[PDB]
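J.: A single structure is presented below for examination.
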Amino acid sequence: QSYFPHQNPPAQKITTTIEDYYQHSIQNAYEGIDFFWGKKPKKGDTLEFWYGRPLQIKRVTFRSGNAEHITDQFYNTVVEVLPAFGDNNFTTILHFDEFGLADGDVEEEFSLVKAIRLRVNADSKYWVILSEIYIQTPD
């Protein structure tokens, strides 16, 4: 599969500073339609999911690359959350690892969020794919 859809919590806003490729938007990937395909990430790029009410989350999964494009990962990129109750600063919860996967259980302290984002810490020589985005709730 080039893509693993999921029903994710409805987002109020989804922003990215990464130019996408035709029919491969970040909204498409979040909404279960098809994989995200972005041009080369740059230092400082973000991809953000904003929620209109506090959102309880249990696990986050961002799968970068896919079988046909194994290079097209998020490198040197963090997953951060903006807690619902706290100031306007995101906190890092995960990194894209040696498999290009950012996946883990969210600690309880960071689990009630206003936003989830990816933030890129270095330029990449490759395009980027998200083939799985799963914001798992306790429901």
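Each chain in the structure tokens gets a letter, A, B, ..., in the order shown, and its residues are numbered from 1; ligands are numbered from 1 in order too.
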List the spatial neighbours of stretch 4-16 of chain A as a list in words - criterion: any atom at most 7 Å away, only C-alpha atoms, same-chain residues fewer than 6 positions off excluded.
T.: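 Counting only C-alpha atoms, the residues come to residues 27, 30, 31, 32, 33, 46, 47, 48, 49, 50, 51, 52, 131, 132, 133, 134 and 135 of chain A.
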J.: Give me the residues of stretch 13-107 of chain A that have any atom at most 7 Å from an atom of stretch 113-130 of chain A; for each, the nearest atom pair and the distance in Å, rounded to one decimal. Use only C-alpha atoms, sort by chain and number, and format it as a tab-separated table.
T.:
```
residue	atom	partner	partner_atom	distance
A:35	CA	A:130	CA	5.7
A:36	CA	A:130	CA	5.0
A:37	CA	A:129	CA	4.6
A:38	CA	A:128	CA	5.1
A:39	CA	A:127	CA	4.5
A:40	CA	A:127	CA	4.3
A:41	CA	A:124	CA	5.5
A:42	CA	A:123	CA	4.1
A:43	CA	A:122	CA	4.2
A:44	CA	A:120	CA	5.4
A:45	CA	A:120	CA	5.3
A:46	CA	A:119	CA	4.6
A:47	CA	A:118	CA	5.1
A:48	CA	A:117	CA	4.1
A:49	CA	A:116	CA	5.2
A:50	CA	A:115	CA	4.4
A:51	CA	A:114	CA	5.4
A:53	CA	A:114	CA	6.9
A:54	CA	A:114	CA	5.5
A:55	CA	A:113	CA	5.1
A:56	CA	A:113	CA	6.5
A:62	CA	A:130	CA	6.7
A:63	CA	A:130	CA	5.5
A:64	CA	A:130	CA	4.4
A:65	CA	A:129	CA	4.9
A:66	CA	A:129	CA	6.9
A:71	CA	A:126	CA	6.5
A:72	CA	A:128	CA	4.2
A:73	CA	A:128	CA	5.0
A:74	CA	A:128	CA	6.0
A:75	CA	A:124	CA	7.0
A:76	CA	A:121	CA	5.4
A:77	CA	A:120	CA	4.3
A:78	CA	A:119	CA	5.4
A:79	CA	A:118	CA	4.6
A:80	CA	A:117	CA	5.4
A:81	CA	A:116	CA	4.4
A:82	CA	A:115	CA	5.0
A:83	CA	A:113	CA	4.2
A:84	CA	A:113	CA	4.5
```
J.: Go through A:1, A:70, A:59, A:20 and flag the residue nearest residue A:98, using only C-alpha atoms for the distances.
T.: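 Distance minimum relative to residue A:98 lands on A:70.
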J.: As a tab-separated table (two decimals) with N, CA and C atoms, in the first residue's frame, list the residues of chain A assigned to helix (DSSP H, G or I) by DSSP on the backbone atoms of this structure.
T.:
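This is the output file selection.tsv:
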```tsv
chain	number	residue	atom	x	y	z
A	26	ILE	N	-1.59	17.70	2.29
A	26	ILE	CA	-1.59	17.26	3.71
A	26	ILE	C	-3.03	17.03	4.15
A	27	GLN	N	-4.01	17.82	3.73
A	27	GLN	CA	-5.43	17.61	4.13
A	27	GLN	C	-5.87	16.25	3.59
A	28	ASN	N	-5.54	15.93	2.35
A	28	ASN	CA	-5.89	14.60	1.78
A	28	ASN	C	-5.37	13.50	2.72
A	29	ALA	N	-4.13	13.60	3.17
A	29	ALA	CA	-3.50	12.52	3.95
A	29	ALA	C	-4.20	12.48	5.30
A	30	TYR	N	-4.42	13.65	5.92
A	30	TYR	CA	-5.07	13.63	7.26
A	30	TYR	C	-6.49	13.05	7.15
A	108	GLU	N	0.45	11.37	29.54
A	108	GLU	CA	-0.78	12.04	30.00
A	108	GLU	C	-0.62	13.56	30.08
A	109	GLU	N	0.54	14.06	30.53
A	109	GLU	CA	0.77	15.52	30.73
A	109	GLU	C	0.62	16.25	29.39
A	110	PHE	N	0.85	15.57	28.27
A	110	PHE	CA	0.90	16.22	26.94
A	110	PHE	C	-0.30	15.79	26.10
```
J.: May I have all residues of chain A that DSSP, computed from the backbone, assigns to strand (DSSP E or B), given as a PDB file with N, CA and C atoms, in the first residue's frame?
T.:
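The new file result-v5.pdb reads:
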```pdb
ATOM      1  N   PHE A   4      -1.978   4.372   4.090  1.00  0.00           N
ATOM      2  CA  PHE A   4      -2.787   3.723   5.151  1.00  0.00           C
ATOM      3  C   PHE A   4      -3.746   4.736   5.773  1.00  0.00           C
ATOM      4  N   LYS A  13      -8.192  23.617  11.560  1.00  0.00           N
ATOM      5  CA  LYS A  13      -7.293  24.200  10.541  1.00  0.00           C
ATOM      6  C   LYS A  13      -6.131  23.231  10.364  1.00  0.00           C
ATOM      7  N   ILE A  14      -5.667  23.094   9.137  1.00  0.00           N
ATOM      8  CA  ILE A  14      -4.462  22.291   8.825  1.00  0.00           C
ATOM      9  C   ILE A  14      -3.626  23.187   7.927  1.00  0.00           C
ATOM     10  N   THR A  15      -2.433  23.549   8.386  1.00  0.00           N
ATOM     11  CA  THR A  15      -1.525  24.442   7.636  1.00  0.00           C
ATOM     12  C   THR A  15      -0.270  23.650   7.291  1.00  0.00           C
ATOM     13  N   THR A  16       0.372  23.973   6.180  1.00  0.00           N
ATOM     14  CA  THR A  16       1.771  23.557   5.958  1.00  0.00           C
ATOM     15  C   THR A  16       2.479  24.630   5.140  1.00  0.00           C
ATOM     16  N   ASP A  20       2.939  21.225  -1.748  1.00  0.00           N
ATOM     17  CA  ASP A  20       2.557  19.834  -2.017  1.00  0.00           C
ATOM     18  C   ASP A  20       2.650  19.554  -3.506  1.00  0.00           C
ATOM     19  N   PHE A  36       0.298  12.161   1.637  1.00  0.00           N
ATOM     20  CA  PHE A  36       0.868  13.511   1.455  1.00  0.00           C
ATOM     21  C   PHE A  36       2.170  13.387   0.669  1.00  0.00           C
ATOM     22  N   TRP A  37       2.355  14.227  -0.355  1.00  0.00           N
ATOM     23  CA  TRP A  37       3.653  14.318  -1.057  1.00  0.00           C
ATOM     24  C   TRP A  37       4.014  15.797  -1.147  1.00  0.00           C
ATOM     25  N   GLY A  38       5.074  16.169  -0.444  1.00  0.00           N
ATOM     26  CA  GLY A  38       5.610  17.531  -0.361  1.00  0.00           C
ATOM     27  C   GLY A  38       6.933  17.621  -1.100  1.00  0.00           C
ATOM     28  N   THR A  46       6.813  23.860   8.755  1.00  0.00           N
ATOM     29  CA  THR A  46       5.896  23.215   9.725  1.00  0.00           C
ATOM     30  C   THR A  46       4.747  22.592   8.960  1.00  0.00           C
ATOM     31  N   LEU A  47       4.084  21.668   9.631  1.00  0.00           N
ATOM     32  CA  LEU A  47       2.791  21.079   9.195  1.00  0.00           C
ATOM     33  C   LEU A  47       1.968  20.991  10.459  1.00  0.00           C
ATOM     34  N   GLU A  48       0.861  21.702  10.514  1.00  0.00           N
ATOM     35  CA  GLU A  48       0.169  21.898  11.815  1.00  0.00           C
ATOM     36  C   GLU A  48      -1.278  21.478  11.679  1.00  0.00           C
ATOM     37  N   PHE A  49      -1.762  20.844  12.758  1.00  0.00           N
ATOM     38  CA  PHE A  49      -3.170  20.439  12.947  1.00  0.00           C
ATOM     39  C   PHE A  49      -3.700  21.168  14.187  1.00  0.00           C
ATOM     40  N   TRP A  50      -4.679  22.046  13.997  1.00  0.00           N
ATOM     41  CA  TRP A  50      -5.295  22.874  15.055  1.00  0.00           C
ATOM     42  C   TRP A  50      -6.698  22.362  15.314  1.00  0.00           C
ATOM     43  N   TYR A  51      -7.030  22.210  16.599  1.00  0.00           N
ATOM     44  CA  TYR A  51      -8.341  21.715  17.028  1.00  0.00           C
ATOM     45  C   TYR A  51      -9.141  22.832  17.693  1.00  0.00           C
ATOM     46  N   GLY A  52     -10.451  22.822  17.455  1.00  0.00           N
ATOM     47  CA  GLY A  52     -11.330  23.914  17.888  1.00  0.00           C
ATOM     48  C   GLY A  52     -11.738  23.762  19.349  1.00  0.00           C
ATOM     49  N   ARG A  53     -11.488  22.601  19.938  1.00  0.00           N
ATOM     50  CA  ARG A  53     -11.766  22.309  21.374  1.00  0.00           C
ATOM     51  C   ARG A  53     -10.609  21.463  21.892  1.00  0.00           C
ATOM     52  N   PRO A  54     -10.332  21.417  23.211  1.00  0.00           N
ATOM     53  CA  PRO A  54      -9.297  20.533  23.729  1.00  0.00           C
ATOM     54  C   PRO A  54      -9.525  19.098  23.240  1.00  0.00           C
ATOM     55  N   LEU A  55      -8.452  18.479  22.747  1.00  0.00           N
ATOM     56  CA  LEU A  55      -8.516  17.154  22.095  1.00  0.00           C
ATOM     57  C   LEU A  55      -7.692  16.163  22.897  1.00  0.00           C
ATOM     58  N   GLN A  56      -8.368  15.181  23.485  1.00  0.00           N
ATOM     59  CA  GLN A  56      -7.658  14.129  24.200  1.00  0.00           C
ATOM     60  C   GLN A  56      -7.078  13.122  23.201  1.00  0.00           C
ATOM     61  N   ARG A  59      -2.206   8.271  21.219  1.00  0.00           N
ATOM     62  CA  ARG A  59      -0.996   7.868  20.516  1.00  0.00           C
ATOM     63  C   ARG A  59      -1.000   8.740  19.262  1.00  0.00           C
ATOM     64  N   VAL A  60       0.179   8.973  18.766  1.00  0.00           N
ATOM     65  CA  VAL A  60       0.403   9.715  17.485  1.00  0.00           C
ATOM     66  C   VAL A  60       1.280   8.821  16.626  1.00  0.00           C
ATOM     67  N   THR A  61       0.949   8.796  15.336  1.00  0.00           N
ATOM     68  CA  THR A  61       1.733   8.088  14.322  1.00  0.00           C
ATOM     69  C   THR A  61       1.826   8.998  13.087  1.00  0.00           C
ATOM     70  N   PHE A  62       3.036   9.350  12.731  1.00  0.00           N
ATOM     71  CA  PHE A  62       3.384   9.928  11.408  1.00  0.00           C
ATOM     72  C   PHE A  62       4.373   8.981  10.725  1.00  0.00           C
ATOM     73  N   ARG A  63       3.916   8.309   9.693  1.00  0.00           N
ATOM     74  CA  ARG A  63       4.779   7.412   8.861  1.00  0.00           C
ATOM     75  C   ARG A  63       5.278   8.124   7.618  1.00  0.00           C
ATOM     76  N   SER A  64       6.564   8.376   7.587  1.00  0.00           N
ATOM     77  CA  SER A  64       7.122   9.039   6.372  1.00  0.00           C
ATOM     78  C   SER A  64       7.736   8.004   5.461  1.00  0.00           C
ATOM     79  N   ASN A  66       7.336   5.930   1.645  1.00  0.00           N
ATOM     80  CA  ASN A  66       6.520   4.723   1.390  1.00  0.00           C
ATOM     81  C   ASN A  66       7.378   3.734   0.619  1.00  0.00           C
ATOM     82  N   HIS A  69       8.991   4.957  -2.499  1.00  0.00           N
ATOM     83  CA  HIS A  69       9.776   6.195  -2.298  1.00  0.00           C
ATOM     84  C   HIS A  69      10.392   6.166  -0.902  1.00  0.00           C
ATOM     85  N   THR A  77      13.259  15.989  11.996  1.00  0.00           N
ATOM     86  CA  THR A  77      11.923  16.601  12.141  1.00  0.00           C
ATOM     87  C   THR A  77      11.325  16.096  13.443  1.00  0.00           C
ATOM     88  N   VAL A  78      10.696  17.007  14.141  1.00  0.00           N
ATOM     89  CA  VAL A  78      10.052  16.588  15.416  1.00  0.00           C
ATOM     90  C   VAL A  78       8.541  16.646  15.245  1.00  0.00           C
ATOM     91  N   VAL A  79       7.848  15.931  16.117  1.00  0.00           N
ATOM     92  CA  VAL A  79       6.385  16.027  16.380  1.00  0.00           C
ATOM     93  C   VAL A  79       6.272  16.763  17.699  1.00  0.00           C
ATOM     94  N   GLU A  80       5.520  17.842  17.683  1.00  0.00           N
ATOM     95  CA  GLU A  80       5.340  18.630  18.909  1.00  0.00           C
ATOM     96  C   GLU A  80       3.861  18.782  19.135  1.00  0.00           C
ATOM     97  N   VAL A  81       3.489  18.951  20.404  1.00  0.00           N
ATOM     98  CA  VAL A  81       2.073  19.314  20.688  1.00  0.00           C
ATOM     99  C   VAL A  81       2.020  20.650  21.427  1.00  0.00           C
ATOM    100  N   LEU A  82       0.897  21.325  21.266  1.00  0.00           N
ATOM    101  CA  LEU A  82       0.544  22.542  22.016  1.00  0.00           C
ATOM    102  C   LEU A  82      -0.508  22.129  23.025  1.00  0.00           C
ATOM    103  N   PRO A  83      -0.158  21.957  24.316  1.00  0.00           N
ATOM    104  CA  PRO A  83      -1.167  21.583  25.302  1.00  0.00           C
ATOM    105  C   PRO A  83      -2.331  22.584  25.337  1.00  0.00           C
ATOM    106  N   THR A  91       5.650  21.612  22.626  1.00  0.00           N
ATOM    107  CA  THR A  91       6.624  20.716  23.286  1.00  0.00           C
ATOM    108  C   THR A  91       6.825  19.505  22.381  1.00  0.00           C
ATOM    109  N   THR A  92       8.071  19.127  22.173  1.00  0.00           N
ATOM    110  CA  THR A  92       8.456  17.951  21.361  1.00  0.00           C
ATOM    111  C   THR A  92       8.046  16.677  22.084  1.00  0.00           C
ATOM    112  N   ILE A  93       7.389  15.763  21.388  1.00  0.00           N
ATOM    113  CA  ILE A  93       6.991  14.455  21.979  1.00  0.00           C
ATOM    114  C   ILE A  93       7.676  13.301  21.241  1.00  0.00           C
ATOM    115  N   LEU A  94       8.047  13.476  19.961  1.00  0.00           N
ATOM    116  CA  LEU A  94       8.593  12.386  19.131  1.00  0.00           C
ATOM    117  C   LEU A  94       9.521  12.978  18.070  1.00  0.00           C
ATOM    118  N   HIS A  95      10.363  12.113  17.542  1.00  0.00           N
ATOM    119  CA  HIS A  95      11.282  12.404  16.409  1.00  0.00           C
ATOM    120  C   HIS A  95      10.979  11.380  15.313  1.00  0.00           C
ATOM    121  N   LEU A 101       9.814   6.969  10.913  1.00  0.00           N
ATOM    122  CA  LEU A 101       8.539   6.853  11.656  1.00  0.00           C
ATOM    123  C   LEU A 101       8.602   7.684  12.937  1.00  0.00           C
ATOM    124  N   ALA A 102       7.561   8.457  13.172  1.00  0.00           N
ATOM    125  CA  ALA A 102       7.307   9.118  14.461  1.00  0.00           C
ATOM    126  C   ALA A 102       6.058   8.492  15.043  1.00  0.00           C
ATOM    127  N   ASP A 103       6.265   7.639  16.025  1.00  0.00           N
ATOM    128  CA  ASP A 103       5.179   6.820  16.590  1.00  0.00           C
ATOM    129  C   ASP A 103       5.436   6.589  18.060  1.00  0.00           C
ATOM    130  N   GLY A 104       4.438   6.943  18.851  1.00  0.00           N
ATOM    131  CA  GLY A 104       4.436   6.572  20.274  1.00  0.00           C
ATOM    132  C   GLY A 104       3.195   6.960  21.016  1.00  0.00           C
ATOM    133  N   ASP A 105       3.091   6.328  22.193  1.00  0.00           N
ATOM    134  CA  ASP A 105       2.112   6.741  23.197  1.00  0.00           C
ATOM    135  C   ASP A 105       2.389   8.150  23.670  1.00  0.00           C
ATOM    136  N   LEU A 112      -3.711  16.384  26.304  1.00  0.00           N
ATOM    137  CA  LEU A 112      -4.903  17.222  26.030  1.00  0.00           C
ATOM    138  C   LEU A 112      -4.429  18.455  25.291  1.00  0.00           C
ATOM    139  N   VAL A 113      -4.684  18.457  23.992  1.00  0.00           N
ATOM    140  CA  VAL A 113      -3.974  19.373  23.079  1.00  0.00           C
ATOM    141  C   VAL A 113      -4.926  20.365  22.415  1.00  0.00           C
ATOM    142  N   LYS A 114      -4.335  21.476  22.007  1.00  0.00           N
ATOM    143  CA  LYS A 114      -4.919  22.460  21.074  1.00  0.00           C
ATOM    144  C   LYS A 114      -4.376  22.217  19.669  1.00  0.00           C
ATOM    145  N   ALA A 115      -3.170  21.696  19.544  1.00  0.00           N
ATOM    146  CA  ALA A 115      -2.551  21.521  18.209  1.00  0.00           C
ATOM    147  C   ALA A 115      -1.475  20.445  18.286  1.00  0.00           C
ATOM    148  N   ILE A 116      -1.192  19.890  17.122  1.00  0.00           N
ATOM    149  CA  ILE A 116      -0.138  18.896  16.864  1.00  0.00           C
ATOM    150  C   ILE A 116       0.581  19.389  15.629  1.00  0.00           C
ATOM    151  N   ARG A 117       1.879  19.341  15.651  1.00  0.00           N
ATOM    152  CA  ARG A 117       2.563  19.756  14.411  1.00  0.00           C
ATOM    153  C   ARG A 117       3.822  18.936  14.211  1.00  0.00           C
ATOM    154  N   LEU A 118       4.299  19.046  12.970  1.00  0.00           N
ATOM    155  CA  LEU A 118       5.656  18.597  12.622  1.00  0.00           C
ATOM    156  C   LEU A 118       6.471  19.868  12.437  1.00  0.00           C
ATOM    157  N   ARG A 119       7.691  19.884  12.938  1.00  0.00           N
ATOM    158  CA  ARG A 119       8.599  21.006  12.659  1.00  0.00           C
ATOM    159  C   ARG A 119       9.931  20.439  12.203  1.00  0.00           C
ATOM    160  N   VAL A 120      10.363  20.912  11.032  1.00  0.00           N
ATOM    161  CA  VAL A 120      11.574  20.451  10.341  1.00  0.00           C
ATOM    162  C   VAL A 120      12.767  21.275  10.808  1.00  0.00           C
ATOM    163  N   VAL A 128       9.126  14.650   0.374  1.00  0.00           N
ATOM    164  CA  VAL A 128       8.666  14.014   1.630  1.00  0.00           C
ATOM    165  C   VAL A 128       7.299  13.414   1.379  1.00  0.00           C
ATOM    166  N   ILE A 129       7.103  12.239   1.995  1.00  0.00           N
ATOM    167  CA  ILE A 129       5.810  11.541   1.904  1.00  0.00           C
ATOM    168  C   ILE A 129       5.355  11.255   3.332  1.00  0.00           C
ATOM    169  N   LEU A 130       4.062  11.481   3.548  1.00  0.00           N
ATOM    170  CA  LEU A 130       3.460  10.840   4.749  1.00  0.00           C
ATOM    171  C   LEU A 130       2.526   9.808   4.176  1.00  0.00           C
ATOM    172  N   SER A 131       2.752   8.551   4.536  1.00  0.00           N
ATOM    173  CA  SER A 131       1.872   7.452   4.084  1.00  0.00           C
ATOM    174  C   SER A 131       0.924   6.985   5.197  1.00  0.00           C
ATOM    175  N   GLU A 132       1.033   7.573   6.371  1.00  0.00           N
ATOM    176  CA  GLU A 132       0.146   7.215   7.495  1.00  0.00           C
ATOM    177  C   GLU A 132       0.163   8.364   8.489  1.00  0.00           C
ATOM    178  N   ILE A 133      -1.021   8.841   8.809  1.00  0.00           N
ATOM    179  CA  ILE A 133      -1.198   9.826   9.896  1.00  0.00           C
ATOM    180  C   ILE A 133      -2.317   9.300  10.767  1.00  0.00           C
ATOM    181  N   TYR A 134      -2.037   8.992  12.037  1.00  0.00           N
ATOM    182  CA  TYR A 134      -3.028   8.382  12.966  1.00  0.00           C
ATOM    183  C   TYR A 134      -2.905   9.098  14.306  1.00  0.00           C
ATOM    184  N   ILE A 135      -3.896   9.932  14.557  1.00  0.00           N
ATOM    185  CA  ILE A 135      -4.028  10.653  15.847  1.00  0.00           C
ATOM    186  C   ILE A 135      -5.058   9.808  16.604  1.00  0.00           C
ATOM    187  N   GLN A 136      -4.590   8.886  17.427  1.00  0.00           N
ATOM    188  CA  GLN A 136      -5.445   7.888  18.104  1.00  0.00           C
ATOM    189  C   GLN A 136      -5.948   8.535  19.393  1.00  0.00           C
TER     190      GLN A 136
END
```
J.: Report, in Å to a single decimal, how far apart atom CA of residue A:25 and atom CA of residue A:88 are.
T.: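 Answer for the atom CA of residue A:88 to atom CA of residue A:25 separation: 26.5 Å.
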J.: Work out how far apart atom CA of residue A:100 and atom CA of residue A:137 are and give it in Å to one decimal.
T.: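 So the answer is 22.5 Å.
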